Amino acid sequence: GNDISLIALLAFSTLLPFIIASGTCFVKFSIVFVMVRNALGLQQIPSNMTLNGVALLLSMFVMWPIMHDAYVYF
Amino acid sequence: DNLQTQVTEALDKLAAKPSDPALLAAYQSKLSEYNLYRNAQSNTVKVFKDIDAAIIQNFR
Amino acid sequence: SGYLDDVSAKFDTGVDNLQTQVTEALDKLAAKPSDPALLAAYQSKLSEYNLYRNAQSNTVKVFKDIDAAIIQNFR
Amino acid sequence: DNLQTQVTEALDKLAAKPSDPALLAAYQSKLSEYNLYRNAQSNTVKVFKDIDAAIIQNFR
Amino acid sequence: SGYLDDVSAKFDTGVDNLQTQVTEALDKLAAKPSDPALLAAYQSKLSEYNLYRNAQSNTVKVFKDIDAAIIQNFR
Amino acid sequence: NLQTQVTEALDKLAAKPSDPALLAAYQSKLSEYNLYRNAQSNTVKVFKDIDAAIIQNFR
Amino acid sequence: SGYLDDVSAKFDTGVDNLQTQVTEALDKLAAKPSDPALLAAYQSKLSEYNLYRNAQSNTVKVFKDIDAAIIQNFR
Amino acid sequence: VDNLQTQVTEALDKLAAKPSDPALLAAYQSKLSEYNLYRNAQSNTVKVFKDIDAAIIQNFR
Amino acid sequence: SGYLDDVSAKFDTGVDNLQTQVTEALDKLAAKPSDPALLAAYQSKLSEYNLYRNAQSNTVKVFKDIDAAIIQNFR
Amino acid sequence: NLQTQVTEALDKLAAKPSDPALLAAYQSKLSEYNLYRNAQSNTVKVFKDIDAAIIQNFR
Amino acid sequence: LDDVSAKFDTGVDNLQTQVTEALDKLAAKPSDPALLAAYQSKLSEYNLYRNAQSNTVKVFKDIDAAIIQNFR
Amino acid sequence: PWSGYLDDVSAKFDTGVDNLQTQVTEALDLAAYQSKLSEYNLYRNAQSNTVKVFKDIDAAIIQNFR
Amino acid sequence: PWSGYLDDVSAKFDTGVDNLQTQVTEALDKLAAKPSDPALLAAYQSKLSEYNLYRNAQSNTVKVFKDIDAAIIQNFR
Amino acid sequence: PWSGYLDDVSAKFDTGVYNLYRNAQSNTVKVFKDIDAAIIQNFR
Amino acid sequence: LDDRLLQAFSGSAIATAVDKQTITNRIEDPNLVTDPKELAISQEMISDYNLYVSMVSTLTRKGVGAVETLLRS
Amino acid sequence: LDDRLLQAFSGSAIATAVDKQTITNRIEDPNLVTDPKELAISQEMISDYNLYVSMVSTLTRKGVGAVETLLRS
């Protein structure tokens, strides 16, 4: 670790949520639930704050093995 | 470090006979050499430990 | 009690016979101030007691300067 | 604490005989110690309650 | 009437009589500055009063400085 | 009030600045006033800082 | 007009005669710097003039420092 | 302003004639000291007032 | 040239030839240090030159203080 | 320009850093240069912050 | 800035050595007034230089530090 | 040959009184000797204080660069 | 050991007169054995004088450099 | 008992062997005090 | 998962609580406050604590900020 | 190629660490702390470390701040 490791870690934490949106299964899960809502025609309900809720939880079980393997490597 | 141990010994000779002109001169040096080092080190740590603070205050 | 008391007692404990010699030597001269045999002796002890006291005092002042610096940089 | 008590006691003796060096040296040592203690305590308490604020400004 | 008045008074109450002895000695010597027995008495009283006034001042100064050094941390 | 005592201690000293018994009294009184007036200004700022910070939770 | 002129004026009005007393005493001494009676009278006039100018300036300095604190806490 | 700005300006020109003369030092030090507080005690309040107008305009948009 | 350059020239144009006189008295004294008539003069000029050079520098330090604070409140 | 004044006064001093007149003439330049360079940078900051606020306000 | 330090050494070019020669000569006869009076001058000039060199760099250090905070 | 301001001041005394250094040594190798010994003692004492004062005036100014 | 720079500037004076360091105490014992001998008594005055100035000149200089160095290491802060 | 550096020298006289003895002794012992008192003041 | 997170949390909480007290006890012992040898360590111990808590409260905020940004909008 | 970021970062990291330790080692020598010449050379050395690390810190904060507001909407 060094002074420059902070800004590389800090700079990464700033841009973190854009990668999770564009290079992680969370994009797949989000669409599937909205596709169901359209089939039923219920575009008010359930709220996106609900569907996007279940989707991020389920994605955790999938990606976690890749993150644990990394910080222990570093 | 020797400098820390070296002063402790020069002090212990004076404590035995503080009136010898040869012994007094020797301790004057080692006591001067010790005072500077403690200060130069304290400042340097203060500098470095606040750079690492600004670099965290910048990014949030 | 702390570290400054300790470095001072080094001087005090380092010369432990003089504390009395000054009182004893002063008492002899007080009875016969006109006698060189006692007067010449007392001169050496009074001069020795002076140097012990001054060196003991300046030394403590320097160490409290080294301590007062560091304590500021705790901020 | 003992220190606050022991500093007060030393002063009272010198005040009754401020011209005796045996009492002066004892007061020089103890007073030079109390002020370094009483400063070092103040900075430390402040520093910990500064972190307890910064730790809130991130979430507020 | 703060704490510093008490810190000073601790000296004045012990040495309280010295002010009156020095004032008195000045008046006796001034009548005949040449009496050797009068000179020796005054020398000690004036000196005993010198160190008294100096040692008092420095003690108030030390507390004046620690007091100001805590209050700046009220910020 | 403390303001009057310090002012009046100055009024005895200014008439005779060479009497040490007056200097030793003024050195005491002038110090106490220094510490008191400084301690008040800081304390007020703190209380005024909290009230302003609250408004920035909503404003 | 100003409050620091009042603190200074408090001295200038008490020892107000000193400004002329010192000037006059010097002019006499230069007429016979060998006269012991003129010298002894001058020593005390010059000595009293010194303690005044110092005590005037230290007091002014301390009052400036109190004011200089509050003006920062306006921000 | 000139009432104060002149007290500071002209007293310096007296001191320039005899910088070694104590009554000119004494009468000067007080004015130069008394000027330092006025300039500081003005500048902070100009900020404080203008910091509110910026905050009012900030708070709506 | 700015303002702090102007403040300095005020002292130099008031005390216009002290700088010259110092080198003259010093140049004469160096040729005959044993003459008391030269020593008494030089002591006055050297001392007077000192308080000039010292007074000047302290005020430049005060005016850049007043300015540096105001150009902070630009921020 | 102020920079060329400081630049040459600094070089002139280094030939004799114990001269009293050269020192007195350097105290002011190094003072004036510091006040200039800080006054300048602080206002450029001000102007770029004003335009940064507009471009967000109209998002 | 990186030249500001060097600017002083070029004026002081010999002085860094003359103080070493004077000290080495004084140590041979510390009772000679011709050596003592000479040494006091060369030593004194070394104090004013080394000090005046340090205060200046600190001024320029902080002009640069200020500007690179205004970048934020 | 870098001579600073304090050397230029000191050199004034040493150049104003050029032979005295030889005279005192040469006069040793007593009315004449007493006068030369006296003149030498005063010369050295005046030279010491002058460089001290100028050295202290400059040390004030540079303390206000900060 | 930690032999800094100030240690050398002290030793520079000792090592330039160290032939005398023992020579001072040697004359004292001779004179102490017969204080009434002018030949011994006059010679001793010269050696004692040289020793006094030697010690004071060491101690003044080893302060001055302690006071230069301590300046520069403020500006680290 | 104890014997410092001043009595390193003074006792040499008592052990070496009148006013010259007494005066020379006192001045020499006194001169060393003035040498030590200088260094003790540079300590700071 | 969660049970593994509880451990990581519990460890850090205790390690900090011991360091906070360890420093305070160096200010009460008079052989430590008045000796430069023991003071020089306290300045480092008191510095290392500051950096750790300052960093842990920054990253954990940014983690939280990454969840709001996916969910809120 | 954007893998350039790995080369720039890797070079700067090592170069920094060397200068941190060199400053430290210049204080552990009994005379690099006690000779004016060697103290003055440590002041030039210690100024530069401060300005360099702060420049990278503030430039990188802007660069990320540009990419933030590009993507967020």
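What the entry reports as its method is cryo-EM, with 3.6 Å given for the resolution.

Student: I would appreciate a short explanation of the overall build of chain K in the present structure.
Tutor: Within chain K one finds three helices and zero strands. The order of α-helices and β-strands along chain K, N terminus first, is α-α-α. For 72 residues, the compact-globule estimate of 2.2 N^0.38 gives 11 Å, and the C-alpha radius of gyration of chain K, at 18 Å, exceeds that figure by more than 25%. Taking the principal axes of the C-alpha coordinates as reference, chain K spans close to 60 × 15 × 15 Å. Taking all 72 residues of chain K together, 56% fall into the buried category. Side chains of chain K carry 8 positive and 10 negative charges; the gap between the two charge centres is 4 Å.

Student: Help me understand the interface of chain L and chain K in this model?
Tutor: When the parts of a complex come together, some accessible area is lost, and that lost area is often used as the size of the interface. In this assembly, 19 residues from chain L lie in contact with 20 residues from chain K. The contact between chain L and chain K buries some 1,600 Å² in all, and 55% of this surface belongs to carbon and sulfur atoms. For the interface between chain L and chain K, the tally reads one salt bridge. Two residues, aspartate 7 of chain L and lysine 42 of chain K, come together in a salt bridge whose shortest N-O distance is 2.4 Å. At the surface where chain L touches chain K, the tally comes to six residue pairs in polar contact.

Student: How do you make sense of helix α2 (residues 18-29) of chain I when you look at a structure like this?
Tutor: Residues lying three or four places apart along an α-helix face the same way, a consequence of the helix completing one turn every 3.6 residues. Here α2 of chain I is 12 residues long and its end C-alpha atoms lie 16 Å apart, about the 16 Å a rise of 1.5 Å per residue gives. Buried within α2 of chain I are the following residues: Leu18, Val22, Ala25, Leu26 and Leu29 of chain I. On an axial view of α2 of chain I, the arc spanned by its buried residues comes to 100°, and they lie on one face. Packing partners of the buried residues in α2 of chain I comprise α3 (36-70) of chain I together with α1 (5-16) of chain L.

Student: Looking at this structure, how should I read the pattern of salt bridges?
Tutor: Throughout the structure, instances matching the rule amount to 43 salt bridges over all chains. As a salt-bridge pair, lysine 30 of chain B and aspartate 7 of chain M come within 2.7 Å of each other at their nearest N and O atoms. Here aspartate 7 of chain M lies in helix α1 (residues 5-33) and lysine 30 of chain B lies in helix α2 (residues 21-58), a pairing that spans two chains. Through salt bridges with shared partners, a single ionic network connects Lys30 and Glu33 of chain B together with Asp7 of chain M.

Rules used in this analysis
- Counting of residues restarts from 1 for each chain and follows the sequence as written, so the numbers need not equal those of the entry; residues with no coordinates are not shown.
- Written order determines the labels here, with chains lettered from A and ligands numbered from 1.
- Remark: the chains included constitute part of a larger assembly, and values are reported for the included chains only.
- For side-chain calculations, the full set of non-hydrogen atoms in the structure is used, while hydrogens and water are omitted.
- Numbering of helices and strands runs from the N terminus; a helix is a DSSP stretch of H or I covering at least four residues, while a strand is a stretch of E covering at least two.
- Here the globule rule is a power law, 2.2 Å times the number of residues to the power 0.38, and the radius of gyration is based on C-alpha atoms.
- Three labels apply to residues, based on accessible area from a 1.4 Å probe with only protein chains included: buried if under 20% of the type maximum, exposed if over 50%, partly exposed otherwise in between.
- Here the positive residues are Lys and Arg and the negative ones are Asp and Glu; neither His nor the chain ends is included.
- Positions of charges follow a simple convention, taking NZ of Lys, CZ of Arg, CG of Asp or CD of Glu.
- Pairs of residues are marked as contacts when any of their non-hydrogen atoms sit within 4.5 Å.
- As a working definition, buried area equals the accessible area (1.4 Å probe) given up by two parts on being put together, with both sides summed.
- The salt bridge criterion pairs a side-chain nitrogen of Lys or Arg with a carboxyl oxygen of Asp or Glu, the two atoms within 4 Å.
- By the criterion applied in these results, polar contacts are pairs of N or O atoms within 3.5 Å in which, for protein atoms, one can donate a hydrogen and the other can accept it, and in which residues neighboring in sequence qualify only through two side-chain atoms.
- To estimate the expected span of a helix, subtract one from its residue number and multiply by 1.5 Å.
- Along the arc lie the directions from the helix axis toward the C-beta atoms.

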